[PDB]
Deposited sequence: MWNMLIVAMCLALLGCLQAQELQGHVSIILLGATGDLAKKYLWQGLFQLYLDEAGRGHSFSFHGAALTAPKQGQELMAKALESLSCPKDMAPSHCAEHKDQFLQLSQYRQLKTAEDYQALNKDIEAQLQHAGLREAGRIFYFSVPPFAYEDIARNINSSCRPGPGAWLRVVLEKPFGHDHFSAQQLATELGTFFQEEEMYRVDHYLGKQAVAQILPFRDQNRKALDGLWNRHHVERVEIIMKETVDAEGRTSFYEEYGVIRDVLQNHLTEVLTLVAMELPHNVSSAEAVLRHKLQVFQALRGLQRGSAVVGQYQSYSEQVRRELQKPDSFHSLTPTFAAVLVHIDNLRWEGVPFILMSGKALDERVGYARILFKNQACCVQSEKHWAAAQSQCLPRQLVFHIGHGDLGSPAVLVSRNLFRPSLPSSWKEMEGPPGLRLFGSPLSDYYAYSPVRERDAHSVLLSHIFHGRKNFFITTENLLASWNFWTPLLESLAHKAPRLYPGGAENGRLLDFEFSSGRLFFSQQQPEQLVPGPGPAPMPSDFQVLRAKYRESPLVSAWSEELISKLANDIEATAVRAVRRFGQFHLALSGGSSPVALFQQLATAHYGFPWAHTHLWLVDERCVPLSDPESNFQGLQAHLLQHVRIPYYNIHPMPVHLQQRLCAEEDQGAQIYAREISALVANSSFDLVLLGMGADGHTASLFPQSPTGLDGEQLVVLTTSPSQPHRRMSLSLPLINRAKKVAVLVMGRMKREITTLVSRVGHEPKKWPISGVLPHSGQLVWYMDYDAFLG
């Protein structure tokens, strides 16, 4: 019960038009008619009338989920509630304050909060936040949940500097650092999956029961339309640091007695960040596709001849010095312009049985000589949808009513094994990442977000690898299906090396 105001401070960019406006809408569509009033203040540096026209075009670009009365009433209310305003000068911020209290007077209720989504380019951060602190603070006990974007820095030093410079203005409890990959429906089912299936998996998470762990994100689309974001950032900081490390610290984490608790999850994942081996020179292998250097050459004009050392595919080996993962290797690899686009967290058990019966009667749900594995399929690939795949000989898993037993094509091969072998589950309704992330911002659930202790622990993990890998020339690959086995690699002891030397 209370009016909640959501303001999108960023300039209307590409992803601002693509994902976020549909996200806020969907956010309005879930919680409408529950005593919560709303105000969707479009904010940018553009003209007010032109901003109103562009933002109304954005409101007309939205699509309701698959009744015409539902679409008509909710699109009319969404056109009524949302309003653009100019954000060029400092006194326009208290003009926004006047607008917010005016819309509170129209709502006739008590203020509940003020969400300030940031999407601005990183040329300036202190002026907008200091104007928010000057005027745009809320009233009687309303919270102020601001959200920052993905680029946080290039080392631990810049990340710490920006964390203190932005935590001067706002509390760290108020802030919501968004992770895209934590909103994916299979990543968000890892800890609940371990929660209602701890009776038959906690006896198997050990070092003496797990062969290997692979956290995989393959992509076919290269750096098209996104080159200038990529030459400074690199694939280690792009996906491994902010997506793969968080699912890595989600699988290898001691579960608390209440996963629904907030702070226990972050303290246990900090425990995982403290109980892991450091990274060396030889624990990582990198590559870049041949079109990347000439793409950077043709996108930015620099004198003489230039060759970029930016990694585009990377594989790292991670060991966790514990009583749980002492000998288990953890492979995190990702790259673009590969031969496939897929994403999965796959834990592979070790072979420990000899079967008296031959392969003529090796049933999928009975014998223990067929491989045992758990796959969290995030999406794409041959399956497309997100999935939870259990080997049938392990156990019968329990998943909530949001997921159901799916029936894919029989005989489809995943890691050399037929699909029929897996107990496969898929969600009963697909949801975007940003929609559930904005719903969690509105609900104030900080379990799916990043605190600065976790961010600096991640940067202290990853920075020695980055400064060691800052002078190695990567191995070129043609990309697509023409790669063959040029990027394949082995792990020997705590070191990674390519299969086919050159």
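Peer 1: Would you mind checking the deposited sequence against the model and listing the stretches with no C-alpha coordinates?
Peer 2: No coordinates exist for the deposited residues in 1-22, 89-90, 527-791, so these stretches are absent from the model.
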